[PDB]
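The chain below stands alone and is given as structure tokens, in the form deposited in one PDB entry.
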């Protein structure tokens, strides 16, 4: 057996994908950078045995396609799995798209030919994604004509998805109806890609609703339209491909490979800009990211409540003196003890964090060590609020809050009630401090 931190050290956290946090790490000998997804066993159940996971891992390491994340290594210890893959710098596809003056079917066809090409390859090797969505499409580099790299292929088969809403935002729109009901195969990826295509050419989800369950209700019924005025600008062959990919019965649904041969992919890769679709995607994306940011802020405030009190009790018990003061090594031992932590991969990781907080009285260390994380979490929320507020009015209206909280799965009576307690007179709009106050009251503060 071989240990992960013998070989890799953490550089810095990258984000929270499905199943766990992704950490930028560096090989301590060759200096190679890698994106390590760390799966916490204690919060992510397995669907399969160890025998079956080690086999898929062995296979995934051998596979190689320019539109699929390269997986280098797999580690496991008592408490976690470590998936070590190549790191990409171009960001999520949709964030790159919203920063464009123009976007035509030629851009959409090129994007989707890549996605279908990755999928086709994977299905040939009997690997299904199931959870394909825009968050899982990364651009390989910051440069112009760069490859899309699909992440997380094969994982849904071996791990149970979170049922917490901070992990579910923007999954409902893309899931294939047959996955909802239990009997599904590789055709579910074609469906998901079909929904992405739809959104690329109109900027609106084909199945949409006020909340998660309403979205799933629309998907399960399977009915959508091309009524929206901006479809008047999309070719018929594009609509024709969408129809085949969003075909309800999976055996009647076009395959990945066959979609690559479809007339639309054939024509539009080998031309007006969809101006309306871009403005729609830009609004969609801000909305999703602000809802995500809200939920993560609420979560971090609750973790902070938890971890503040726990560290205090640890440092109290450790202070044999009653001095209200601890040594450096003891602050490290009690901080290590707090971990019983994506960044804190080893004892050396923690020492840096302890030394950052210092750069005496344990009660002060506790405030700062958390207050850092508390202020750190606020700023991500602020940025998303600014981004959402695209006309720089400084406010979010009632209608917008309803869209935002609906995506966040906060009951309408519950947030409206919270709004009233924050500002009485109110005037139907909230500024940033009001928004933040509402979220504090939505996590018992």
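Basically, rigid core = biggest C-alpha set you can superpose within 1.5 Å across the two forms. Positions refer to the first chain, counted from 1.
- Not even a third of the other compared entries skip residue 122; each one keeps it along with the residues on either side.
- Compared with other deposited structures of the same protein, residue 346 meets the criterion of being unmodelled in at least one third of those that resolve residues on both sides.
- In the deposited sequence, the stretch from residue 359 to residue 360 hides 4 to 9 residues that have no coordinates.
- Missing coordinates between residue 270 and residue 271 amount to 4 to 9 residues of the deposited sequence.
- The question of which stretch, 134-142 or 325-333, has the higher mean Cα B factor is settled in favour of 325-333.
- Set 292-300 against 160-168 and average the Cα temperature factors; 160-168 ends up higher.
- Taking the deposited Cα B-factors for 45, 386, 70, 28, the highest one is held by 45.
- In this structure the maximum Cα B-factor among 58, 399, 393, 420 is found at 420.
- Residue-level temperature factors show residue 367 in the highest third of its chain, judged at the C-alpha atom.
- Per the PDB record, residue ranking by Cα B-factor puts residue 431 in the lowest third of the chain.
- Annotation for residue 177: CA B-factor lies in the lowest third of the chain's modelled residues.
- Among the modelled residues of its chain, residue 376 has a C-alpha B-factor that falls in the highest third, as given in the PDB entry.
- In the deposited entry, the Cα temperature factor of residue 91 sits in the middle third of values across the chain's modelled residues.
Only in words, not in the display: the form deposited in another entry, which the text now covers.
- Only one of 284, 365, 121, 81 has its Cα shifted by 2 Å or more between the shown form and the other one after fitting on the core, and that residue is 365.
- Once both forms are fitted on their core, the CA shift for residue 165 between the shown form and the other one remains under 2 Å.
- Core-aligned CA deviation for residue 329 between the shown form and the other one: 2 Å or greater.
- Put the two forms on the same core and the Cα of residue 374 is off by 2 Å or more between the shown form and the other one.
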